[PDB]
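Read through the structure below, which is laid out as structure tokens, and then see the notes.
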Amino acid sequence: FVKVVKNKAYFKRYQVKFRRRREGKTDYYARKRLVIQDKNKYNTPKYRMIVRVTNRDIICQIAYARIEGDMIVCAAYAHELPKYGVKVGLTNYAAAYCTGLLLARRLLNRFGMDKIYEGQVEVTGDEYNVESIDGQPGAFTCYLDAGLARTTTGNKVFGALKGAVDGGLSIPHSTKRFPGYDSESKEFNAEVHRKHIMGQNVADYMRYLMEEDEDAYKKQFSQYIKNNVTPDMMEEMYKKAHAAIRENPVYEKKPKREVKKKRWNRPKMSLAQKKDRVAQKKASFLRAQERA
Amino acid sequence: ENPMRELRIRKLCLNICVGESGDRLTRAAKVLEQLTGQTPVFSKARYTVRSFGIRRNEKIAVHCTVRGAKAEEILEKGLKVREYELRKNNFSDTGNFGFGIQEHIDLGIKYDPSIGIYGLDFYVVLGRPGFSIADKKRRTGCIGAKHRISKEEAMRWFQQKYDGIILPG
Amino acid sequence: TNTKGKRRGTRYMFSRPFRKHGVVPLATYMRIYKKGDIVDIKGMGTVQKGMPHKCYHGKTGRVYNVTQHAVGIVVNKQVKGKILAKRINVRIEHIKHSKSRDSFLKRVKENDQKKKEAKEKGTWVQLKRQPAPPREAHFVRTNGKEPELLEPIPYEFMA
Amino acid sequence: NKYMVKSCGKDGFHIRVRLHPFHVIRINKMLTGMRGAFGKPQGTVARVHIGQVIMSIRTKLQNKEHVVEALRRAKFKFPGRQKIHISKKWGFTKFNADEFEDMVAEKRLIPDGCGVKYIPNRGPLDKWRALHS
RNA sequence: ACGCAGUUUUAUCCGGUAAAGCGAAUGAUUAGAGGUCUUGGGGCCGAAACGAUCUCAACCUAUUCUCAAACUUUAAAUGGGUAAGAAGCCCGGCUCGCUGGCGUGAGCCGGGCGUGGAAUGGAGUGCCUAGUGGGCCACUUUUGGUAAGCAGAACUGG
RNA sequence: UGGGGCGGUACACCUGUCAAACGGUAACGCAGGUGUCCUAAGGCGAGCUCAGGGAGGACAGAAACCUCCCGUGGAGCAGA
RNA sequence: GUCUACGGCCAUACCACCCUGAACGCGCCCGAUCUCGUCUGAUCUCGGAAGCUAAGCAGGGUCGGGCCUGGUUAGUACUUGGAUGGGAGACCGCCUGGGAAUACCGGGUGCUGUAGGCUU
Ligand SMILES: [Mg+2]
Ligand SMILES: [Mg+2]
Ligand SMILES: [Mg+2]
Ligand SMILES: [Mg+2]
Ligand SMILES: [Mg+2]
Ligand SMILES: [Mg+2]
Ligand SMILES: [Mg+2]
Ligand SMILES: [Mg+2]
Ligand SMILES: [Mg+2]
Ligand SMILES: [Mg+2]
């Protein structure tokens, strides 16, 4: 008919890829450049912060590498903001800001230097670059792993970068992929950036709809009705959460015990059984011809 | 039942090949843009051929692709031209079909004197939810055989939605 | 008469083995190469920068310098009777630590201990390797059975 | 072939040759002398190892001695010392005769042409369903 | 009393030659069973067709006979390189424009701890310096050639 | 320079093999190449997939153009 | 018992087709004002949360193809050193030491490090 292509020979020759590329999760080309440290430092680690976005949540981590697997030292998840007041809007540009700021302040507390290195206590959306003062221990410095995402203009990855930089970390960057930047003129605004952070875009869209039409409004922003939030307090809402993070960022865990030990999954079949199916199968097939 | 196993139209493709490169192609462009509401794009040869009369890297054809509810309208118009009668021999093993029109004027469109007549080709691509994952750059997969489409399934869809007519071959 | 190219006769050496082409598994990079370490060499041809000459493929050496991406190595070489020492700069992905001393290291540490502890006893016990000696007069049992009896077999023109 | 025809018949046998001439021979023709010596490919030839096989015949048992007589006429065409033997196998197969006949009446061996086809107990059962039916 | 060695041992790396393989890649090649796959027939029973029916240059599936200095999944024997302790191990403290969450690294100082597998024998270092710079044979491996007391090479010994 | 001359360049260079599994190793020994070409065919970043094979689509045919599926590199990377 | 983020070793983890998936998750999914890019909000970016295990993913099954590893092949083929051993030669045998690969027959079919959830 037509030649088969996936045959015995195909598989003998074949060569598989590393596991995370087949899953589709990792780019070893770029991971090489990042993680490896120069060979004249010998154990001085190269911390990178990680930022990933799901469909419903945001994860930010800091990590360094070894032979055995990447070590983690501090993490922050955007689903524990209601402990700080924010109830909804957990995937937008703004939650990224609060997410990063939480992360920084938690990090600094563990080392010990949360008294100093406070960054912008008053948000302005300008360009701020932290400085490591003298007589005091050096500032933390790390790098950014975006991943597979595109770094076009206005992602929710750079909205997390700023929370950490305004929180007190030292990171190199540049003001091209912040919102408030004109390609046609190559200038930065530094107030539009502030709008995106406080959520006034969302307010504009809600007020736009409540005027125009109400069915689509209830369909688009149902869960802003539950918890009865409105466009009139967004700016105060996040502005209070920021101060809450700056006050009590320490984390606590959740113990649970005495689980009933139920197996919700089927185990593997053993050899004796596998040899017993085929015999009784052969039996049935023979019997059905003596049936005739 | 079948809550998320329900067919639709992914996209509708529209192609016109001429042979030449110039005014005919420009006229042919204005056609498609008027039928869809959006600019088409011009397509270039791959390698040169003598008897057909063409060189390499010269614009020949023009195509465009539509999506949404506009597709259903244009397909509806095209089938009124076709009297809703198709053959089994126009369906494929992937769950897709297509056909071709010899004159565009039957669609309910005027005749500009500045523009002659033209033909064109429709090709319809079916689908159902959970096919974006194949082009998805984040974590790409393959969809599975219980969820793929057949030559036969497309027939009964066409029989059902329009009371079309399959013909022998 | 042969030529003088730098890769003459390397069709197979600077060639990746079977079903192991591709990107580089990068625990190779994350290793730590300090001064005085003993190292062996093996040219990976997947990357061409900093690879050594044919003559050093399969030789062992010793570190003297450390750069950002490479290492300096002291290697001996036999050329017409006299032997020479040589200082080749080499990038990381062509090297590997050598287990050719860890055995020595297990001993001296075990040996230091085993001296210090069990010193109060008074006996100077064995501390140093000995070769394989002869083999220990002992008995053999015939638990009943007489042995088997073997003999040769007739020839046959089986093919 | 000639004798074997004249003895048994036109169809009482099947004969096969088990060598192929893959190696080449060079010749230097001296119509300079010994300068620029590398020959021209005149010829083809085949190599032999000890124990290899050159010729084989397949026929019935009442025609044993005629088979021997045929090959004996052939050895005088070769440069060397050869010898003849009967095989324990069945035909041009690789199975012992005493086992073959029982082993085909039990669905391990199938006669697919001029040869057979062995089949083990590992594949998928649909081939065990097709057989035994 | 250290140091050495056309040597063995214990650990540990390097290689792609012999052999083998082609139901595994590249390339070559024989024969018949299930495929008119399928293009056409000196033609074929016929108006001929994919009605049949063959086939052929090739051609799908499972098997089959034979091959490789410039092919190879596999893979030796002999071989080559390191290591087998005082230039080692441990304790404590100092200096640094180098690197920096804090830290690493290298260098200097001051103390505590001697046999480190076999079998052998005296080692090291520096000046002046002649004659040579036509080669030949034997086992084994080996290239051209019909061969050579022929021409050209690797190993050891003469 | 298997006497010299006529022929060739083995007279400076590169790949594979011969070459006897480190390296090195000869003959007018085998098979081939060079005295160039490039403002990008150099350098950074981003995005994508090659050869071919199958099934469909107005003129369209062995081959123009459109779409889907399989596709471990069976394509390309100036030249041996 | 199991998932999410980051990974190391890279088929005991791949390929095809069938069964099941509580809770948390992961995804599908609904739109295009502003950010952003498209011939086309299909991909990419943004704002969302009505519904869903159909798919992806997770586990499991195949007298499954391949892969990993044993046995047999076989002390066979080959091989260091040796002989005033045989033989017309080609080549063969022996002493002293080392020692393979196919066919064929069996078994196995992912291990884990750091941080954090569900399993009251
Ligand atoms: Mg990138
Ligand atoms: Mg070689
Ligand atoms: Mg051989
Ligand atoms: Mg002199
Ligand atoms: Mg002269
Ligand atoms: Mg050699
Ligand atoms: Mg959408
Ligand atoms: Mg599912
Ligand atoms: Mg299901
Ligand atoms: Mg199996």
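Chains as they are written, first to last, in this note's numbering: chain A, -19 to 272; chain B, 56 to 224; chain C, 19 to 177; chain D, 103 to 235.
Don't be surprised by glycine CBs; every beta carbon is placed ideally from N, CA and C.
For A:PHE(-19), the closest Cβ of chain D is not nearer than 8 Å. Taking all protein chains in view, the Cβ of B:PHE213 is crowded by 16 or more other Cβ atoms within 10 Å, so the residue is classified as buried. Distance between C:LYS146 and C:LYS134, taken at the CA atoms: about 16 Å. Short of 7 Å from the beta carbon of C:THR28, and not among the five residues preceding or following it, lie these beta carbons of its own chain, in chain order: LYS72. The DSSP-derived three-state label of A:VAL258 is helix.
In the three-state reduction of the DSSP assignment, B:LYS114 falls in the strand class, which pools E and B. With the criterion set as a beta carbon lying under 7 Å from some beta carbon of chain C, the members of the segment 1 to 22 of chain A are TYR8, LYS12, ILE16, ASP18, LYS19, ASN20 and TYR22, in sequence order. When 8 Å is used as the limit between beta carbons, A:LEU128 is near these residues of chain B: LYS192 and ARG193, in chain order. As computed with DSSP, A:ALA56 is found in a beta bridge with A:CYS40. Segment contact: the segment 59 to 70 of chain A against the segment 89 to 99 of chain A, fewer than three CB-CB distances shorter than 8 Å; contact not assigned. Along the segment 168 to 250 of chain A, the beta strand (DSSP E) does not occur as any fully enclosed run of 3 or more residues. DSSP places D:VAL206 within a helical segment (H, G or I) once states are collapsed to three. Residue environment analysis places A:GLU232 among the exposed positions, since fewer than 16 neighbouring C-beta atoms fall within 10 angstroms of its C-beta. Judged by DSSP secondary structure, B:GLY155 falls within the beta strand (DSSP E) whose first and last residues are 151 to 156. Of all residues in the segment 23 to 50 of chain A, the ones placed with a Cβ closer than 8 Å to any Cβ belonging to chain C are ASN23, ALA45, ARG46 and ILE47, in chain order.
Across the structure, A:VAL182 and A:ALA221 are spaced so that their CA atoms are roughly 18 Å apart.
For D:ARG231, the C-beta contacts it makes with chain A under 9 Å involve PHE265, in order along the chain. For the 8 Å CB-CB criterion, A:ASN20 and C:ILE50 do not form a contact. Annotated three-state conformation of A:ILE151 is coil, per DSSP. Looking at the DSSP output, A:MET51 sits in a beta bridge with A:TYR44. In the structure shown, A:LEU141 adopts helical secondary structure according to DSSP, grouped into three states. By the criterion of a C-beta distance shorter than 8 Å, B:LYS99 is surrounded in its chain by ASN112, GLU113, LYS114 and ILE115, once the five residues flanking it on both sides are discounted. Taking each of C:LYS124, C:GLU154 and C:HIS87 in turn and checking the Cα distance to C:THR46, the smallest one comes out for C:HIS87. The Cβ-Cβ distance between A:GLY160 and A:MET214 does not fall below 8 Å.
Residue pairing by DSSP puts A:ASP125 in a beta bridge opposite A:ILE30.
Below the 8 Å Cβ cutoff, chain D contributes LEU227 as neighbours of A:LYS261, in chain order. If you draw a 10 Å sphere on the C-beta of C:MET31, you find fewer than 16 other C-beta atoms in it, and that means exposed. The C-alpha of B:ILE198 lies about 41 Å from the C-alpha of D:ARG210. Contact between A:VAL209 and A:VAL68 holds: CB atoms are separated by about 6 Å, below the 8 Å threshold.
Ranked by how close their Cα comes to the Cα of A:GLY118, the residues A:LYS(-14), A:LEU149, A:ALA140 and A:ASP125 have A:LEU149 in first place.
Think of a sphere of 9 Å around the beta carbon of C:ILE110: the chain A residues whose beta carbon falls inside it are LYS19, in chain order. Each of B:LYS206, B:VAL180, B:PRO223 and B:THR195 was checked against the Cα of A:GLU3, and the nearest Cα belongs to B:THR195. Bounds of the alpha helix (DSSP H) holding D:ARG174 are 166 to 176.
Under the rule that a run must span 4 or more residues, no alpha helix (DSSP H) segment is found entirely inside the segment 49 to 85 of chain C.
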